Amino acid sequence: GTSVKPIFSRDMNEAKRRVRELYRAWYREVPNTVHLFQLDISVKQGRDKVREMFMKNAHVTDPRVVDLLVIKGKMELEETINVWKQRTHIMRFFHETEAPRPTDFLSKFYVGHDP
Amino acid sequence: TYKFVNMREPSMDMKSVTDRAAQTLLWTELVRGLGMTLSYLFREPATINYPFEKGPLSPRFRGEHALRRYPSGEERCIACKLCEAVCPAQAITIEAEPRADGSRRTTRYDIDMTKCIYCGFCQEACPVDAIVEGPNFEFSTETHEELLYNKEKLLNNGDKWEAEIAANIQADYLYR
Amino acid sequence: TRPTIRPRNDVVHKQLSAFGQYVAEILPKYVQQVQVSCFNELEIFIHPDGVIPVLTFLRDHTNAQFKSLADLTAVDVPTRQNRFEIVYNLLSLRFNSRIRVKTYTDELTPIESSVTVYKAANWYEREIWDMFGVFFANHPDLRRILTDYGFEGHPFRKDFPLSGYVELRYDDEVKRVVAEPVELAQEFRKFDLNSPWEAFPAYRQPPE
Amino acid sequence: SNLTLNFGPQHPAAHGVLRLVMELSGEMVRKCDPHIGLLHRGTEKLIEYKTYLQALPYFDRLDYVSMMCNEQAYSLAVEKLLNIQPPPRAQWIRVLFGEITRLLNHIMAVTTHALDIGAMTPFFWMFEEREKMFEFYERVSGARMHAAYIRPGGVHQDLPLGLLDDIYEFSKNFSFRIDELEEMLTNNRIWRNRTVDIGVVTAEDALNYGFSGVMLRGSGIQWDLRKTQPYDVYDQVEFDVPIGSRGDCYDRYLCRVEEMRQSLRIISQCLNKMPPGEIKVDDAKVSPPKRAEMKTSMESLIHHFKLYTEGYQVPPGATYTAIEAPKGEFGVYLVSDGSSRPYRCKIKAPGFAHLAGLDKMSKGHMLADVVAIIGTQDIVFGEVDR
Amino acid sequence: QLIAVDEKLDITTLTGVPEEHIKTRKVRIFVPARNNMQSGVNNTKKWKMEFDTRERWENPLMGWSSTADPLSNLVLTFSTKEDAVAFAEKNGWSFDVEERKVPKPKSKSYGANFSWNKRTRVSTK
Amino acid sequence: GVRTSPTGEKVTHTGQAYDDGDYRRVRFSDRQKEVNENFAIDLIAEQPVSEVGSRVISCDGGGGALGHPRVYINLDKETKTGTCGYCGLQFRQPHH
Amino acid sequence: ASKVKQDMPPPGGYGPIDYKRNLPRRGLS
Amino acid sequence: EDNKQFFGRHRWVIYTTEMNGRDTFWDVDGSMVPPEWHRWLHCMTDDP
Amino acid sequence: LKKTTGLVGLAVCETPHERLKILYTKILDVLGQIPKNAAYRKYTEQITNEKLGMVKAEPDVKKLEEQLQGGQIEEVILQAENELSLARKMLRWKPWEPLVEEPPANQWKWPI
Amino acid sequence: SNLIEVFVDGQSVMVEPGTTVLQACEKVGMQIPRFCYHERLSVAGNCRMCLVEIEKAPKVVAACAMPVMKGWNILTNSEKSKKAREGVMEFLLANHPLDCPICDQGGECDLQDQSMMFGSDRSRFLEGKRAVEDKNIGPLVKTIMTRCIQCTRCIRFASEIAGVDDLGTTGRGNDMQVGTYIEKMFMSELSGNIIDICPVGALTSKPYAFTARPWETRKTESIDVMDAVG
Amino acid sequence: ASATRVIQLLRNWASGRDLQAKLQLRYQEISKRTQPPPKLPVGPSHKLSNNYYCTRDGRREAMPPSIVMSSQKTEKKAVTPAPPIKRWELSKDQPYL
Ligand code: SF4
Ligand code: SF4
Ligand code: SF4
Ligand code: SF4
Ligand code: FES
Ligand SMILES: [Mg+2]
Ligand SMILES: [Zn+2]
């Protein structure tokens, strides 16, 4: 039973449909974002980044969590379309000033104590 | 108990109506405002001739911090760390150890004056009147680093301002 | 118990207790508990489903007339299965009284928006969503209100760190403000202040 | 398609930190969308890491035009949670300085509102009075605005000898400055054209939108927390409540001017009725002992040490305490878990709801009308963003 | 009508916590030991969750203590061990739980100070 | 009681001086190192020991309430003087 | 052994303070 | 001093033309006042 | 007869007695569809009948306002409208029924 | 079984014979204030801070030493108990030195905390204070005996746990002093523990002196590797 | 004020008021910057007897809130949270501005 109240979707299929709607909206919006914000990236870079952000949460299996993630993505898209975000906010997705952090054991061992 | 601010009525007699018409056509209230500004023009201004003249301050005024001494030259601070504990901005950093003669004294006493809110809680908390907010307020700098005071800076401030600090404390301490 | 001690008001205490019993009798479907504090403040603990029917009642009933919504906020208590306590503070000018309505929710359960009851709730609910992550159903325009654009997390949660996760600076290579993982020249110094001796025997809990 | 405009933050009428996204048709305002948080500093979370005394100075910086009123609201909340009573002289000093603070705030509100509208001169005349008032602050506490003077348990220090006479000297002259301001504005036809029937709000809408203070009383609602829910010694002073009739900018400006006059009346009563006695509660587990006692007696030293390191424990419980601050109802929802640090502190600021009502109030108006309505709401963003 | 999910609770994707500070952290769930300097026991009633200690270093200016992990001051309080475990699990943090230590009851006899034939007899008071 | 290091850097009363190979000394180039010249330990060393005719003396640091908390100092030991834990002033009973 | 000395109002209270509006008519017909 | 001027103009300083090492004929600032005259000049006391 | 209520947006009501009678009658009619043992029905019927009798007993508007303790009979009419709307909503909600669920064991326990 | 029923503020408790009033109170989560009592040391009963009223009993009892009787109702928060605690705290603080800013115990001091929780907030002692000379007992345990409250905890620990009979009391009355009576070092493999059991700053750690305050320290629970005891 | 008499008269006429009576700038009338020392009395708890703290302890008289109608566990006239507020009275001092 588990007696849980839904947010928007009753099972995973409607949640996936909402995910697809949000993905379509972002994919359509990307070229306008590149033009309006005067970005130096390509439209392919922006769409690849959009895909990456969506793929980050592919493991989620709870329809309520999926609905909340879609709500947050819609909020981000509304911020972007209305130019409430500036160029710094958009570019924050790319981390262009952070040095590449090593992942293998040996480099982390050399650089410090963090596991 | 209350009053109305905009609940009056104008009299409709020909005298009041004609007076209103004369005000409308001859701009009497605008001339009244002009007269008020003209009156202010001939008043003496309130400007003081800074920096040759200064604004008045109280003995309780909170200014740049200082560390004080006993009349023998011994430091008043005994590293109890009550000022560090009470500080609402965590602007005070204290390290201490027994001195060569066994006295309880600080080795580090730092105040970050860019963290400080100048509330004076440190001098209220101090049991020996060691840390104070002095009267000086003109200590602007050209770099951020100069506002990170160490213990030597605070002792120099105390030595430089003690003559004024002691008089202000003598003036105010019966209220504390 | 003279000058130092705050005086008591039995008349207001009795009046508030009677009105709390009144409200509990009228709405048994939703009211779970009623309390009157010793400084004369009335609290009504309700099931979440009753957020709209209770508030509406307290706004529209001839004997309540709580027309003003003073404040609406949330409290985070991580030890509870339902993390978030939702608090409504209401003021009745007709009867010169105040009341508090309390309900609960967790991270994934929406709470009905009360903009149809009090329009003032709009921004308050936004703030709650911004600071605690509580979603309000049927809100006209729900989005962040206090945090920076694109900010991740809900800062007022107890498990959110005080300095957050990212800080900002101007970078000249890219000619813009950038966000990077936070690094502090001086770490905030955690203080352990609690005395190991009990302060108030009147609030002692059973030793389990 | 309407034109979209950023009104602020770097704008003269935007108060520094307000970004207002405005949708316009010509200069007609189709929609107002205030974006705030440009001064959100996380005060409510920071307070959770402070003792109650350590948390007190954060309230000076919420509504930085009305410092001691914020201090008083927080002190009343903490005193209610502690089940203690401030001494009478402390309460009289609190009311006196609260009315001085209301004078400061109403000067700032009226003159900056006039400056947005275009009348720049009264700002200069009234800010010298603000300067003199600042000296009263500094003489009592050592700080011109962020006094931290009013604390749970009473006040930090007693008044210095000679302060009451100087306050009396200032108070016996402030009425003429009010008269000059009213001579410049009240009957001026340009001022009335800029203020009459602008931002009209109904009583029902004002109540439903969470308004408080003048934003209520300008619409005819007879409500004042000092009268209906008195605190300290407000039930011992005589004053009148100004009530508007149109719910517009002009009536609210008239109400604020009359509130200044009534504040002068209250200040006179406070000056003539100040009693003798101690200025903080005679309970060393709450209020610190005098410095001479701390340096002589063992219990006083122990209590000084503990109150300045750990702070007093507050019994567990939650209170919503509100006062009639100069900008409306200012409230604190304070939750104590029994320790010496507050568990939760939600701050209710009147400007929050007032600014949330700005889009409703601006319907059918122009750009300059929106500037006037922003001025008439009396918004400070330290309390809006917290 | 309700939707009847059947999966364990997981809110990691919603908390805004960086990946590194989820999978590399170890939280300790424990009842804090009594400070040996005092006899009061009021600080040994509730359960605490704390994080693993990371690197601190010396600031080149001022010699202050500098850190780079945002969770160095995060301590949560819980009524029971189960509540803390549930909170840690739904946030994806690996945890180590230490059982509560209670002092064992003891037999105190004042008269034993003056025993006729036992070693419990005291030589001074 | 100021004193100079082998590098020419003045040593503070905390005994802190940068080593010969320490890069941080570069912060003092074209500028100076703030050092307080009134060493408290030497200054309190110059105060004379007060002879008093009681076994217990009281010290508050002078100035009444402007000093430090009043403490009582035992003077039974003839091998050493009684030192104030706040002020550093020394006391003894007359001997010899 | 001196008397208690505190900031207090002078005996008989302070002089009356004006607060009401004062805008004289000050004009011809 | 001139007590016939209003409060704030009744006390003032004429700065020296040469302090510790620098020429202060044109370049003066409030930090040049020593503490005793700082107390007198800001009216924290009535006694020079 | 009265020039203004003094409240912005609240019009002066001509014939307030008849309006009040209509509104109280409508409220009682709606309450008649609520179960007899529901506390809302009996309480609201008691207060509504008190106000209706008071309205029928005093033909002077000022004295009726003084008796009703309701603040300016136009606001009495507004409050009657609010009560009628609430009565319809309550008939829909049926809050006279037993509590839907008991909170968790330590949902309201404070502290911790 | 063989348990007897007592009451703590009217709440029923079953305890085994020989249980003291203090132990019965802590069975219901009530901690009686104490200075001289330590559950790993022999009972002393000298500090008198644990005095508590028994219902229908005219005289208060020392909870640390008094066996609890069947049917007794212990009143932990009655007027008699609170007044006894206030009087004892006043007596303890009458001669105590005003050393808190320079005392290492400050912030983790049972005297300070129990003064704040069970004592009054002011003083009415108008005399001069006693001052005693210091005893040198080694390079580990710093001694400042003006702060000593004569608990006898160090003496009982040295005798019973460490098996060293070198500590004691000399003199009597107000002049009673805790020490060795000769210049002697208390050098035991367990000597440092007398720092922790001492409620006040009379015995402190010499290597640790003046370096830190208790509230700024972070606590890491760990294991010792200096031997194989763990 | 050092203003000449003709300028004073012109100021008074332009303002329509007696400006010299209430001058914004402050002269000799204000209190001296040097004051005699205060004495500052003490509070009601500064007593040598009949002053036990347990009889004046406000914090310890606080207790948990009264529980009315837990859910776990006739005539019945209706009630309001408080008596209706009494209507405000118009000011005698100045009813209208
Ligand atoms: S004035 Fe306040 S903020 Fe500044 S160091 Fe002192 S206590 Fe800290
Ligand atoms: S300055 Fe004062 S409060 Fe701070 S450590 Fe030194 S003695 Fe203690
Ligand atoms: S032992 Fe405790 S009460 Fe005594 S001086 Fe030290 S800290 Fe203060
Ligand atoms: S030194 Fe400590 S343990 Fe020993 S008698 Fe004194 S107070 Fe008790
Ligand atoms: S604890 Fe019982 S007498 Fe000391
Ligand atoms: Mg010890
Ligand atoms: Zn001394």
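First the proteins, then the strands, lettered A, B, ... as listed; each starts at 1. Whatever order the structure lists ligands and atoms in, that order sets their numbers, starting from 1. The basis for the numbers below is simple: all heavy atoms, side chains too, and nothing from hydrogens, waters or symmetry mates.
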Give the residue and atom name of whichever protein heavy atom lies nearest to [atom], and the separation in Å to one decimal.
atom	value
atom 4 (Fe) of ligand 3	J/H96 NE2, 2.0 Å
atom 1 (S) of ligand 3	J/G201 N, 3.1 Å
atom 8 (Fe) of ligand 1	B/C87 SG, 2.3 Å
atom 2 (Fe) of ligand 1	B/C119 SG, 2.3 Å
atom 6 (Fe) of ligand 1	B/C122 SG, 2.3 Å

**Message:** Using a 4.0 Å heavy-atom cut-off, which part of J/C109 comes near ligand 3: side chain, backbone, both, or neither?
**Reply:**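 Just the side chain.
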**Asked** When the ring planes of B/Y118 and B/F139 are compared, do they come out parallel, tilted or perpendicular, using 30° and 60° as the limits?
**Response**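 The arrangement is tilted - the two ring planes meet at 30° to 60°.
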**Item:** Parallel, tilted or perpendicular, as decided by the 30° and 60° cut-offs, for the rings of D/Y312 and D/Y52
**Value:**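 Answer is parallel, since the angle falls under 30°.
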At their closest point, which heavy atom of [X] faces which heavy atom of [Y], and how far apart are they?
X	Y	value
J/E216	J/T211	OE2-O, 4.5 Å
J/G106	J/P214	O-CD, 3.3 Å
C/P196	E/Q38	CG-OE1, 3.3 Å
J/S205	J/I195	CA-CD1, 3.7 Å

Short list, please: which atoms of ligand 3 are under 4.0 Å from a heavy atom of [X]?
X	value
J/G106	7 (S)
J/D99	5 (S)
J/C103	1 (S), 5 (S), 6 (Fe), 7 (S)
J/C100	3 (S), 5 (S), 7 (S), 8 (Fe)

**Request:** Check whether any N, O or S atom of F/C59, backbone or side chain, sits closer than 2.8 Å to the Zn ion (ligand 7).
**Result:**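 A backbone or side-chain N, O or S atom of F/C59 is under 2.8 Å from the Zn ion (ligand 7).
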**Request:** With B/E75 as reference, evaluate B/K151, B/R69, B/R105 under the side-chain hydrogen bond (donor to acceptor under 3.5 Å, both in side chains) test and give the passing residue.
**Result:**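 Looking at B/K151, B/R69, B/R105, the match for B/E75 under the side-chain hydrogen bond (donor to acceptor under 3.5 Å, both in side chains) is B/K151.
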Any atoms of ligand 1 less than 4.0 Å from a non-hydrogen atom of [X]? List them with their elements.
X	result
B/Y118	1 (S), 4 (Fe)
B/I92	5 (S)
B/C116	1 (S), 3 (S), 4 (Fe), 5 (S)
B/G120	1 (S), 2 (Fe)
B/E133	1 (S)

**Message:** Test of understanding: given a 4.0 Å heavy-atom threshold, classify the contact between B/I131 and ligand 1 as side chain, backbone, both, or neither.
**Reply:**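 No part of B/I131 comes within reach of ligand 1.
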**Item:** From NZ (D/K285) to CD (D/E299), nearest 0.5 Å
**Value:**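 Atom-to-atom, D/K285:NZ and D/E299:CD are 8.5 Å apart.
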**Prompt:** Nearest 0.5 Å, what's the OH-CE distance between B/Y149 and E/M62?
**Reply:**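 Taking OH in B/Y149 and CE in E/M62, the distance rounds to 11.5 Å.
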Under 4.0 angstrom from ligand 1, any heavy atom of [X]?
X	result
B/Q123	no
B/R62	no
B/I117	yes

**Request:** State, to the nearest 10 degrees, the angle whose vertex is the Zn ion (ligand 7) and whose arms point to NE2 of F/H68 and SG of F/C84.
**Result:**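 NE2 of F/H68, the Zn ion (ligand 7) and SG of F/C84 span an angle of about 100°.
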**Prompt:** For atom CZ of J/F91, is the number of surrounding heavy atoms from other residues, nucleotides or ligands below 6.0 Å larger than 12?
**Reply:**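 Not buried by this count: 12 neighbours or fewer within 6.0 Å.
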**Message:** Around atom CZ of F/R55, are there more than 12 heavy atoms from other residues, nucleotides or ligands closer than 6.0 Å?
**Reply:**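 Open: at most 12 neighbouring heavy atoms sit under 6.0 Å from CZ of F/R55.
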**Residue from B/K153, B/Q123, B/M113 passing side chain to side chain contact (heavy atoms under 4.5 Å, CB included) with B/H65** =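 Between B/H65 and the candidates, side chain to side chain contact (heavy atoms under 4.5 Å, CB included) is satisfied uniquely by B/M113.
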**Asked** Does E/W64 have B/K115 sitting over its ring (NZ/CZ under 6.0 Å from centre, angle to axis within 45°)?
**Response**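 Yes - B/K115 lies over the ring of E/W64, closer than 6.0 Å to its centre and within 45° of its axis.
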